[PDB]
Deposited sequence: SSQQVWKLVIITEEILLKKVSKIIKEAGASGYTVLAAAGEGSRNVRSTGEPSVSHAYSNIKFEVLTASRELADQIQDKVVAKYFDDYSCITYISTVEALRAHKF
């Protein structure tokens, strides 16, 4: 019941593209919340729970490779108990 929580915080423009990467990669779902900040609720925070670290890592590695340079994004991973 120990799963991994992937977080992606990125510009709101990427809502469909990032949720595509999540859905296709095989995640059972995702959560998304409106967010603001610096680095106006112009961003979104993705939360993807996955049964395996490797899946979380694969989603993050694709999102980062495709979008980290041309859009402002951060991402991190933690573990939770389900």
| item | value |
| --- | --- |
| Missing C-alpha runs, given along the deposited sequence, first residue counted as 1 | 1 to 2, 42 to 55, 99 to 104 |
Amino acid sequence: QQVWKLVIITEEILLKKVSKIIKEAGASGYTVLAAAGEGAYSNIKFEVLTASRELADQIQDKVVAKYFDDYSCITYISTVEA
From here on, numbers count along this sequence of modelled residues.
{"query": "Modelled-residue ranking by C-alpha temperature factor, third containing residue 40", "finding": "highest"}
{"query": "Chain-relative CA temperature factor third for residue 2", "finding": "highest"}
{"query": "Chain third (lowest, middle, highest) by recorded CA B-factor, residue given as residue 75", "finding": "lowest"}
{"query": "Third of chain Cα B-factors occupied by residue 9", "finding": "lowest"}
